[PDB]
Amino acid sequence: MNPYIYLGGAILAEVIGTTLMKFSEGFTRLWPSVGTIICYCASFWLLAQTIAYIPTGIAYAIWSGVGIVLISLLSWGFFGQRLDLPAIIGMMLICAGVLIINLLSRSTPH
Amino acid sequence: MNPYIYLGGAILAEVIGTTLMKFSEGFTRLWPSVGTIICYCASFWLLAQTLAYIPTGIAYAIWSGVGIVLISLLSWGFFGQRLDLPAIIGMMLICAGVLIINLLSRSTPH
């Protein structure tokens with residue numbers, strides 16, 4: 001198995017499940033609810049396998065960060081949900097602070 | 001309703017479930033896994049409520065972004081150790097990002 005294939009599959013499942021949950025308007029449609037559960041369980045299963053070959057903090061940072069970008073892009077196209085420039089700057093400020101926290105984590109004793 | 005209390009609840013459920021998952025190490029992890037599943041399911045419900053008011057990527061970004069700071073503090077030992085100066089700077093960037101999302105962007109039913 002290739003870990004990039006698993007990590008990207010985990011992200012793909014995360015984006016699809018989160019989009020499906022938003023599309024369904026919460027947990028309120030049976031087939032959406034079942035699909036949402038399968039997507040998150042698959043995403044976690046792929047993550048659990050992945051972290052044996054990619055660092056756990058790096059894998060989480062890639063999984064969350066790429067996921068947010070793909071969810072934002074897919075929401076913009078599928079729902080017509082446009083983001084304001086301070087909101088776009090705001091998520092990037094969160095990413096910049098998260099990078100500092102990740103570096104502090106990566107420089108902590110092993 | 002107020003989405004920020006639900007989003008904070010989702011973050012709290014994420015942190016508590018993660019804490020239980022981290023410190024259960026037994027011969028079988030059955031009963032702590034069951035509690036972990038409940039905490040993660042609660043986090044997803046609370047996130048699903050949040051997505052009604054807050055943009056899809058932005059809500060996910062706050063949920064991961066405030067979550068990783070709490071998880072990082074849990075990892076390092078909370079107030080059990082001397083708090084780093086760049087950690088404060090990283091938290092300030094995350095807080096600044098949240099502040100412009102909160103006050104220069106709208107949270108309303110969509």
# chains A, B, ... in the order shown; residues from 1 in each chain; ligands from 1

$ residues_around --residues "segment 82-85 of chain A" --least-positions-apart "6" --cutoff "12 Å" --atoms "only C-alpha atoms" --output "ChimeraX atom specification"
/A:69,71-76,91-92 /B:54-58,97,100-107,110

$ write_last_selection --atoms "C-alpha atoms" --output "JSON list (two decimals), in the first residue's frame"
[["chain", "number", "residue", "atom", "x", "y", "z"],
["A", 69, "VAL", "CA", -9.66, 23.85, 1.10],
["A", 71, "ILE", "CA", -14.79, 21.65, 1.31],
["A", 72, "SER", "CA", -14.54, 25.44, 0.65],
["A", 73, "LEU", "CA", -14.05, 24.95, -3.12],
["A", 74, "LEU", "CA", -16.77, 22.26, -3.41],
["A", 75, "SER", "CA", -19.23, 24.38, -1.31],
["A", 76, "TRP", "CA", -18.53, 27.37, -3.59],
["A", 91, "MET", "CA", -8.85, 30.84, 7.84],
["A", 92, "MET", "CA", -5.31, 31.59, 6.53],
["B", 54, "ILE", "CA", -21.52, 29.08, 9.53],
["B", 55, "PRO", "CA", -19.92, 28.51, 6.03],
["B", 56, "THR", "CA", -18.94, 24.83, 5.53],
["B", 57, "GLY", "CA", -15.13, 25.21, 5.28],
["B", 58, "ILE", "CA", -14.95, 27.98, 7.92],
["B", 97, "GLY", "CA", -8.58, 34.81, 12.41],
["B", 100, "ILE", "CA", -12.43, 38.71, 11.69],
["B", 101, "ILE", "CA", -14.58, 35.67, 10.76],
["B", 102, "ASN", "CA", -16.94, 36.50, 13.67],
["B", 103, "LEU", "CA", -17.16, 40.30, 13.17],
["B", 104, "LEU", "CA", -16.52, 40.84, 9.40],
["B", 105, "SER", "CA", -18.62, 37.89, 8.16],
["B", 106, "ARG", "CA", -22.24, 36.78, 8.77],
["B", 107, "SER", "CA", -23.55, 33.68, 10.60],
["B", 110, "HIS", "CA", -28.28, 28.69, 5.00]]

$ residues_around --residues "residue 67 of chain B" --least-positions-apart "5" --cutoff "12 Å" --atoms "only C-alpha atoms" --output "list in words"
residues 60, 61, 64, 94, 98 and 101 of chain A; 7, 8, 9, 10, 11, 12, 13, 14, 15, 16, 17, 18, 19, 43, 59, 60, 61, 62, 72, 73, 74, 91 and 94 of chain B

$ atom_distance --atom1 "atom CA of residue 55 of chain A" --atom2 "atom CA of residue 7 of chain A"
11.7 Å

$ atom_distance --atom1 "atom CA of residue 40 of chain B" --atom2 "atom CA of residue 88 of chain A"
27.6 Å

$ atom_distance --atom1 "atom CA of residue 6 of chain A" --atom2 "atom CA of residue 52 of chain A"
11.5 Å

$ interface_residues --of "chain A" --to "chain B" --cutoff "6 Å" --atoms "only C-alpha atoms" --output "count of residues only"
10

$ select_by_dssp --residues "chain A" --states "helix (DSSP H, G or I)" --output "ChimeraX atom specification"
/A:3-24,30-50,56-78,85-106

$ residues_around --residues "residue 10 of chain A" --least-positions-apart "6" --cutoff "8 Å" --atoms "only C-alpha atoms" --output "PyMOL selection string"
chain A and resi 42-47+63

$ write_last_selection --atoms "N, CA, C and O atoms" --output "compact mmCIF listing (two decimals), in the first residue's frame"
# COMPACT_ATOMS: atom_id res chain seq x y z
N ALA A 42 -14.49 5.28 7.05
CA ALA A 42 -13.46 5.08 6.07
C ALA A 42 -12.29 6.06 6.19
O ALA A 42 -11.13 5.68 6.13
N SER A 43 -12.60 7.36 6.40
CA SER A 43 -11.60 8.41 6.58
C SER A 43 -10.69 8.16 7.78
O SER A 43 -9.47 8.18 7.66
N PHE A 44 -11.29 7.82 8.95
CA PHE A 44 -10.55 7.41 10.14
C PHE A 44 -9.73 6.13 9.96
O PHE A 44 -8.58 6.06 10.40
N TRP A 45 -10.28 5.10 9.30
CA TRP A 45 -9.59 3.84 9.04
C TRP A 45 -8.33 4.01 8.20
O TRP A 45 -7.26 3.49 8.51
N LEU A 46 -8.44 4.81 7.12
CA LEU A 46 -7.32 5.21 6.29
C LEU A 46 -6.27 6.04 7.03
O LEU A 46 -5.07 5.80 6.89
N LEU A 47 -6.71 6.99 7.89
CA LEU A 47 -5.82 7.74 8.77
C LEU A 47 -5.02 6.87 9.75
O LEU A 47 -3.81 7.02 9.88
N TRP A 63 -4.54 16.28 6.51
CA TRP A 63 -5.93 15.84 6.47
C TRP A 63 -6.94 16.96 6.74
O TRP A 63 -7.90 17.14 5.98

$ closest_residue --among "A:48, A:58, A:41, A:1" --to "residue 17 of chain A" --atoms "only C-alpha atoms"
A:41

$ residues_around --residues "residue 27 of chain A" --least-positions-apart "3" --cutoff "9 Å" --atoms "only C-alpha atoms" --output "list in words"
residues 21, 24, 30, 32, 33 and 36 of chain A; 45 and 48 of chain B

$ write_last_selection --atoms "N, CA, C and O atoms" --output "compact mmCIF listing (two decimals), in the first residue's frame"
# COMPACT_ATOMS: atom_id res chain seq x y z
N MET A 21 -23.37 15.63 4.68
CA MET A 21 -23.97 16.13 5.91
C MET A 21 -24.55 17.55 5.78
O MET A 21 -25.68 17.82 6.19
N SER A 24 -27.63 17.26 3.27
CA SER A 24 -28.79 16.66 3.91
C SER A 24 -29.47 17.57 4.90
O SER A 24 -30.61 17.30 5.28
N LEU A 30 -32.21 9.20 5.72
CA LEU A 30 -31.65 7.88 6.01
C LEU A 30 -30.46 7.46 5.16
O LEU A 30 -29.41 7.10 5.68
N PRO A 32 -28.37 9.49 3.05
CA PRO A 32 -27.36 10.42 3.53
C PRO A 32 -26.73 10.12 4.87
O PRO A 32 -25.50 10.16 4.97
N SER A 33 -27.51 9.81 5.93
CA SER A 33 -26.98 9.44 7.24
C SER A 33 -26.10 8.20 7.22
O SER A 33 -24.98 8.22 7.73
N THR A 36 -22.92 9.11 5.23
CA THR A 36 -22.10 9.98 6.09
C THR A 36 -21.29 9.18 7.10
O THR A 36 -20.09 9.40 7.27
N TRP B 45 -22.70 15.54 15.58
CA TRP B 45 -24.01 16.18 15.70
C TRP B 45 -23.93 17.69 15.94
O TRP B 45 -24.60 18.49 15.30
N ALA B 48 -22.79 19.35 12.83
CA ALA B 48 -23.93 19.38 11.93
C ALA B 48 -24.91 20.54 12.20
O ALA B 48 -25.36 21.20 11.27
